[PDB]
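The primary structure of each chain is shown beneath.
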Amino acid sequence: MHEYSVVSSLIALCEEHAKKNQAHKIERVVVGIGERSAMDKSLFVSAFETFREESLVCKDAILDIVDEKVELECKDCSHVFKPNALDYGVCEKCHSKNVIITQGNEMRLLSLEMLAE
Ligand SMILES: [Zn+2]
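Residues numbered from 1 in each chain as written, not as in the entry; some residues may be left out. Heavy atoms only, no water.

Structure determination for this PDB entry is given in the record as solution NMR.

Spelled out, the test is: UniProt positions are given in the numbering used here, feature names are shortened, and annotations may be inferred rather than shown by experiment.
The name the PDB entry assigns to the chain is Hydrogenase maturation factor HypA, from the organism Helicobacter pylori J99. This entry's official PDB title is "Solution structure of the Ni metallochaperone HypA from Helicobacter pylori". Quoted straight from UniProt, the Sequence similarities entry for the chain says "Belongs to the HypA/HybF family."

Okay, here's the thing in structure tokens:
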């Protein structure tokens, strides 16, 4: 969740995808960060520059961020959905307290531009 820890995880994640795609160099990494996320985009793009130099694979990668809407799950109520109103923070099937954000709380990878080995 903390920005430098997520980016350090991201560079390794970029490398594993490079192994999985049989690619040696990534030119662009695009991510999705939730609109109500527990993350700071300003430090995220600074941390990305700080860690990308550590690896040849990610060194020249262009970083782009897409803002995404949160997704919610209700503690056992079968409900996972994207909220559509100011009713964020509760389920809509019931309006029970104690629902949790499943997506949009932390960063996700959307696409990578890559050069084959
Ligand atoms: Zn519910």
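What to know about the sheet that holds strand β1 (residues 23-34)
Hydrogen bonds along the backbone pair up the strands of a sheet, which may run parallel or antiparallel. Inclusion rule: The criterion for strand pairing is that DSSP finds at least two bridges linking the strands in question. Numbering of helices and strands runs from the N terminus, with a helix taken as a DSSP run of H or I at least four residues long and a strand as a DSSP run of E at least two residues long. Orientation is described by lines fitted to C-alpha atoms, with helices fitted over the stretch in contact, and by angles between N-to-C directions that extend from 0 to 180 degrees. Only heavy atoms enter the contact rule, under which two residues are in contact if any of them lie within 4.5 Å.
On the basis of which strands lie adjacent, the open sheet formed by three strands has the order β2-β1-β5 and mixed pairing. Since the sheet does not close on itself, it has two edges, and those belong to β2 (62-68) and β5 (108-116), each with one partner. On average, each strand axis in the sheet is inclined to that of its neighbour by 20°, with strand direction left out of account. Sheet strands in contact with helix α1 (residues 3-20) are β1 and β5, and its direction is about 50° off that of β5.

Examining the nonpolar core
Our working rule: What we call a nonpolar core is a set of buried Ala, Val, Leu, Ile, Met, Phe, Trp, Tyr and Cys residues that are connected through their side-chain atoms within 4.5 Å. Only protein chains enter the accessibility calculation, which uses a 1.4 Å probe. A residue is then buried if its area is under 20% of the maximum for its type, exposed if over 50%, and partly exposed in between.
By size, the foremost hydrophobic cluster in this structure holds 20 residues, and its most contacted members are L10, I26, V29, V31, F44, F48 and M107. Among the elements of the structure, α1, β1 and α2 (41-52) are those that each provide at least two residues to this core. Per-element accounting of this core gives the leading share, six residues, to α1. Sequence-distant contacts of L10, defined by excluding residues within four places in its chain, comprise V31, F44, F48, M107 and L109.

Quick look at the UniProt feature "binding site: Zn(2+)" in the chain
Under the feature "binding site: Zn(2+)", the UniProt entry names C74, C77, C91 and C94. These annotated residues cover 21 residues of sequence, and their C-alpha atoms all fall within 9.0 Å of one another, placing them together at a single site. Among the structural elements, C77 can be located in the loop between β3 (71-74) and β4 (99-103). For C77, a relative accessible area of 23% corresponds to the partly exposed category. Non-local contacts of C77, meaning those with residues more than four positions away in its chain, are made with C91, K93 and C94.

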